[PDB]
Amino acid sequence: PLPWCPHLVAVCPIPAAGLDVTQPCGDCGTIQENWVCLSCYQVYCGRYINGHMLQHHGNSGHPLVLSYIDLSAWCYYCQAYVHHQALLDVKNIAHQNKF
Ligand SMILES: O=C(O)CCc1nc2ccccc2c(=O)n1CC(=O)NCc1ccccc1
Ligand SMILES: [Zn+2]
Ligand SMILES: [Zn+2]
Ligand SMILES: [Zn+2]
């Protein structure tokens, strides 16, 4: 992945309740292939399901999303995976909740 991107500044502190990697898509309620937004912590499905996180990106401009499948982080603007110290806490919390 990229070791940095200019959108890491938009990564916000982890939600009150923590992360729930089994949380369904906030639009369609699918359990499959969800991502969490690293700005606002809404959960929406991936492009191969119904594309709700890509719709969220378009209507919010929020850049960075974390996969509840493989804990990869995608930047929609840089069109790349990103891994950096600023993402360790959210990835560690998601990993603890999943495994
Ligand atoms: O789906 C989203 O909405 C967010 C992830 C994403 N969005 C894109 C939007 C447009 C074009 C390409 C991508 C892309 O490769 N990714 C990354 C991606 O889909 N990687 C494969 C993958 C990784 C983990 C879990 C499921 C799929
Ligand atoms: Zn959906
Ligand atoms: Zn968001
Ligand atoms: Zn970026």
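Throughout, read-outs are computed from the coordinates displayed, never taken from laboratory work.
Per-residue 3J(HN,Hα) values for region 56-63, derived from phi via the Karplus relation 6.51 cos²θ - 1.76 cosθ + 1.60 with θ = phi - 60°, read 4, 3, x, 8, 10, x, 5, x Hz in sequence order (x marks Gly and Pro). Counting every pair of alpha carbons in the chain, the share spaced more than 20 Å apart comes to 28 percent.
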